[PDB]
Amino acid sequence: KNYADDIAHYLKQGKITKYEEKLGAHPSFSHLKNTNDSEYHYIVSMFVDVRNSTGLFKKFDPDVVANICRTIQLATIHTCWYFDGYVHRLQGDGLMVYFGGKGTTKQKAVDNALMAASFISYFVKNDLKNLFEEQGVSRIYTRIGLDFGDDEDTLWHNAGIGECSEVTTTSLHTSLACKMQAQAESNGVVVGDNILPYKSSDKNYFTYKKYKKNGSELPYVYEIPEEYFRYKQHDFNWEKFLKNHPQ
């Protein structure tokens, strides 16, 4: 409520913490920095995009836009922290988050990521309802892409030079999490095939979605026929997820 109240107040101005975790340095792999080493290890990759914030400039000055957007981003960061996510990178209009690590089970990683995605979407969709429309600006909404990559498919390593560097992954499923982020509905979440087995492949929460590409549709997000690899993406019903939960 505090973030939503702050945002409402700012919109009236028309013209569990992890404070020591640095960016670009997942704690399970930060030791790879300043070395030439690398490790294969599973991870859940989540890309969060905040859409329509640029429209804020039509009615608000840069300082108010900064307050609104950084408030939304703080809400997102704290949501991720609550569910043991590591914030890897800050975009202007979103976040890159890893779930999992050396002391986390793959099931726990997936559950954490799904809960964090549901809560981020809830905050932006519901707790900020009508606030932007009431002020004559476009509604701000989120898009979240989520994927799971197993150890053999997820390479942790150094990238860059000097301090212009990060410890990050090279993995098809990190890339596909980003791609599926672009595929989501307003305040929606899209997940890859590898997420489903960790939630009993429930068509209760997951609905197969065709991959949209320049006004046309394709059956898969990614295809390697030589390996019989046909990767599907699925809309994640996070609202039904939240309602049908004990907590």
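Start at 1 and count along the sequence shown; that's the residue number.
In terms of unmodelled positions of the deposited sequence, the stretch from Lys15 to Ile16 in this entry skips 10 or more residues.
For the pair 209-217 and 178-186, the record assigns the higher mean C-alpha temperature factor to 209-217. The stretch 223-231 shows the higher mean C-alpha B-factor when 20-28 is compared against 223-231 in the entry. Among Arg51, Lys199, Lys58, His41, the highest C-alpha B-factor recorded in the PDB entry belongs to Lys199. When the C-alpha B-factors of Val167, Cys80, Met96, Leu131 are ranked from the entry, the top spot goes to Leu131. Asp147 sits in the lowest third of its chain by CA B factor, as recorded in the PDB entry. When the modelled residues of the chain are ordered by their C-alpha B factor, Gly100 lands in the middle third. Compared with the other modelled residues of the chain, the Cα B-factor recorded for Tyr141 ranks in the middle third. Among the modelled residues of the chain, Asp127 sits in the highest third by CA temperature factor in this PDB entry. The PDB entry assigns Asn112 a C-alpha temperature factor belonging to the middle third of its chain's modelled residues.
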